[PDB]
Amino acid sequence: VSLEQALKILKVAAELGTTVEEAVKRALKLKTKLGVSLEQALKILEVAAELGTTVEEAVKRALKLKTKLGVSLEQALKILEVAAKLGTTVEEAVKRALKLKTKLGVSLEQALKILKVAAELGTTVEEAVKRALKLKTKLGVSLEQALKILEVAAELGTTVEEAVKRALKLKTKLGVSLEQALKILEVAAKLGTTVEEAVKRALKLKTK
């Protein structure tokens, strides 16, 4: 059990309002029923809790999208998730994700993350791009990392500079990457706990 998966578990349980044991059971049931990875199974459970629908409907609509557009399951699930957060149809979420790809030269995956981040911030797309591009240039991070920093600052209710400060203090305290430090911070905020506590549980959970 990876630290990323363990953190993903804590977070999904929180999103679901269950204990982690119950979340895990639910995720292992799906994994077997679909022959998917644990990572995928948790993504499906996350999307149902963000859709405010059933695990079963999420799955149903995802495979419909998979077959319809020929995308991966992950991609189908982000699309469903972005459309929900945008309040739009998936046809419309896909149209905007393509107009962003063209407008910037980025992948579908990246377009969709931008759209989601703008939605979460309640900012325009153009303004989210501006903020992400500025971090990209100030710290030499990838686009995706710039976007993770944006969300986490929001989640915390602090500035991206203080988000960055803390994440770097974690890379240092624990010897993890920047991505992992951002996940841990996202996860402690979501759980409403200190990062020490989140990590302790994550390590504690890493006997699954």
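Numbers for residues come from their place in the sequence shown, where the first is 1.
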query: Greater mean Cα temperature factor according to the PDB record, 68 to 76 or 105 to 113; finding: 68 to 76
query: Stretch with the greater mean C-alpha B-factor as recorded in the entry, comparing 131 to 139 against 81 to 89; finding: 131 to 139
query: Most elevated Cα B-factor in the entry, residues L42, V152, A146, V36; finding: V36
query: Position of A188 among the chain's modelled residues by C-alpha B-factor, lowest, middle or highest third; finding: lowest
query: Chain third (lowest, middle, highest) by recorded CA B-factor, residue given as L203; finding: highest
query: Chain thirds of CA B-factor: placement of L16; finding: highest
query: Third assignment of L182 from its chain's C-alpha B-factors; finding: lowest
query: Chain-relative CA temperature factor third for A48; finding: middle
